[PDB]
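In order, the protein sequences belong to chains B and A.
Counting from 1, position 5 in the first sequence corresponds to residue 2 in the authors' numbering; the numbering is continuous, with no gaps.
Every number in the authors' numbering is 133 more than the matching position in the second sequence, counting from 1.
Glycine included, each C-beta is placed from N, C-alpha and C at the ideal position.
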Amino acid sequence: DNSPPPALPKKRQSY
Amino acid sequence: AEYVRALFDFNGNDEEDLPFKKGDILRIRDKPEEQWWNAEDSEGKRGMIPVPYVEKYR
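Printed below as a string of structure tokens:
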């Protein structure tokens, strides 16, 4: 009964 | 001087990302965009992390 890993935020740029 | 703590494991998708485990403490090194920052782990490894996965630490 735990929360799932959040949606990964999209990357604005490339690294 | 700015540390955060992992709320969730993160495993990366790209080589440039910095994986971590829930509860890990990371030092912020750069903030090139709002949701992805460059950080350094306890081992001295560096890479990008997703801001929503962390909280301010101390």
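Self-check item: Where A:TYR190 sits in the DSSP three-state scheme
Solution: coil
Quiz prompt | Coarse secondary structure for B:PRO6, derived from DSSP in three states | solution = coil
Self-check item: Anticipated Cβ contact below 8 Å, A:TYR186 with B:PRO3, distance rounded
Solution: 6 Å
Quiz item: With a cut-off of 8 Å, does the C-beta of A:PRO152 fall near any C-beta of chain B?
Solution: no
Quiz item: Roughly how many angstroms separate the alpha carbons of A:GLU148 and B:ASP(-2), rounded to a whole number?
Solution: A:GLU148 and B:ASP(-2): Cα-Cα distance of roughly 32 Å.
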